[PDB]
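Read on for two forms of one protein chain; each stands alone as structure tokens, with the labels structure 1 and structure 2.
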Structure 1
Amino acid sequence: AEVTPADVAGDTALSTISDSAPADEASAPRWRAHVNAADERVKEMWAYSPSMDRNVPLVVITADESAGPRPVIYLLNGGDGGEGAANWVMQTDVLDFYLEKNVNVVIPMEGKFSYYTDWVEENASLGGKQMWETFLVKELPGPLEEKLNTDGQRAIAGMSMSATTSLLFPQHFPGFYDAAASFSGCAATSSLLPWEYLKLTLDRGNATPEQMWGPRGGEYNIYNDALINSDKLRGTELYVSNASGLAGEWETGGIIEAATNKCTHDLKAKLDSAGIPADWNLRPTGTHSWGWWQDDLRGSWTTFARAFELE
């Protein structure tokens, strides 16, 4: 990317990366055993967020040195946030897949039910102040990409809940990301049904969407509506898979599938009209299990290999 961490960070206080968990740590996270059994290139790191006053755990797949500096993919969990069992590390072969590709991958393992955004209000059930966009875009990339010796290329990817996030970030900071992958999410967030998706997701974290983005239809909600602002994606390589998997956040299914499908219909029509191309994963399958999410890691490699110019 031509845009650097410092370009987007402004004067934001930066994260401090640590190679060890906080001494404060009560018990070992469920995912630690998976990291410990993997190749040495898979690391547990911790990043302090000044804006949240939070130590955020990261599972990091590091590239090898055979080709020098390599790109980094910021890969977000869905509503689970990495805080329960339903996440990339514990349910897919994400570690093995990317180790083989020789690329850096950063998977935050907190942020449940947060949409990885900056919230208008604090919510104690989700740890208080939530400033995930500030963290992921402004606090973290400078120090982290330095530590990983990246080549200066980067991508953002998310599934389900965070498949909204992965469209909003490049719209909010055009050029910072070479590529963005949205695995089964809703780009829209301010119209009636998409707002209900936010409600359903946030309810699992004892939260409401007003706490997160303010009144429905208000200026901050629209800023965080990735359908309305879709033209701002221009220049980003894109991968988008159909939104039916989004209902997995909430655990008839006919109406739910038809409703969430409109998210993808609307986005493709809007990108198509604007002449903004994407790689599409639209063929319906029998399930949107972890096998389907894992398959999006393969599908999106087309987009990432192209954006990053990797052999």
Structure 2
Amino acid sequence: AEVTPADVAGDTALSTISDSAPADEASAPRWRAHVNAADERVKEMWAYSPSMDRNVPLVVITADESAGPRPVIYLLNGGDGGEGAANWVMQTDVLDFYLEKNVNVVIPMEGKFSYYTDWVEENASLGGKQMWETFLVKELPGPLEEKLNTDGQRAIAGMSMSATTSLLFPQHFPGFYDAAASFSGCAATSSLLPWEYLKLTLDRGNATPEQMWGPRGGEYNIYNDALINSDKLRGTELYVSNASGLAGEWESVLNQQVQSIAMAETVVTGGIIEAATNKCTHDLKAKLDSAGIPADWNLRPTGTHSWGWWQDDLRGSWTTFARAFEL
């Protein structure tokens, strides 16, 4: 990319990267065993965020030295944030897949129910002050890309809640990202229905969308509406997809009365989630097509599980990334 970390960081106090977890860590994260069993190129790093006063864990797939400096992909988890079991590391072969591609991949393992944005208000249930856009865009790239010896190219990818984030970041900082991948989300956030979809994610973290982006339709909410500001994506290589499934983000790939009742619910909820995302994606495509902004589209049918589609999204988005990075 032509825009450097220092170009977007400006005044911002930068992150400090450590190769070891804080000594005050009480218990080992669930994902640590997965890192420890993967190739030596998969590393656990920790980035201190000055704005949040938080140590953020990162699962990093490092490139080999056979071709020198390589690009970096910032891959975001959904609502889980990497703080539970419903994430890239624990539900997909993300580590093995990218190891073979020879590319740097950085997966933050904190940020549950945050939309990876800068929140207007604090929320103790989510760690207090949330400044994930400042962290991911301004605090982290400079020191981390230096440590990884990247070639100066970068991409942002997100799924579900962070499939809004991966469209907002390149719009907020045009030219910073070479590519952006949005894996099954809703670009719109200020319209009636899209605002209510923010509540599905935020209710799980004891939060409201007003704490995050202020009043619906307000200045900051519109700034964070990726459908309204879709034209600002021009210049970025894009990959937009669908992870339509019955068993969603919560599900990994007793009596027959309760086994059939619970199964009836996933078909219904997965169906409402699929329908909601399908329209959001259709509106974005119509808006980008009308503006002459090209994207790689992976609109898929209803699958058995959403995580099966999300693992397939790592493959699908590789065509966008290989093209944007000239690999």
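In this text, rigid core is short for the largest set of C-alphas that superpose within 1.5 Å between two forms. Just so we're on the same page, residue numbers count up from 1 along structure 1's sequence.
Peer 1: Which one of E44, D266, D279, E257 is the only residue whose C-alpha moves by 2 Å or more between the two structures, after superposing on the core?
Peer 2: Between the two forms, the residue that moves is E257.
Peer 1: After the core is matched up, is the C-alpha of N242 off by 2 Å or more between the two structures?
Peer 2: Yes, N242 moves 2 Å or more.
Peer 1: For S289, is the C-alpha shift between the two structures 2 Å or more after core superposition?
Peer 2: Comparing forms between the two structures, the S289 CA shifts at least 2 Å.
Peer 1: Superpose the two forms on the rigid core, then give the C-alpha shift of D24 between the two structures in Å.
Peer 2: Here the C-alpha difference is 1.0 Å.
Peer 1: Any chance you could measure the C-alpha shift of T164 between the two structures with the core superposed, in Å?
Peer 2: Residue shift at the C-alpha: 0.2 Å.
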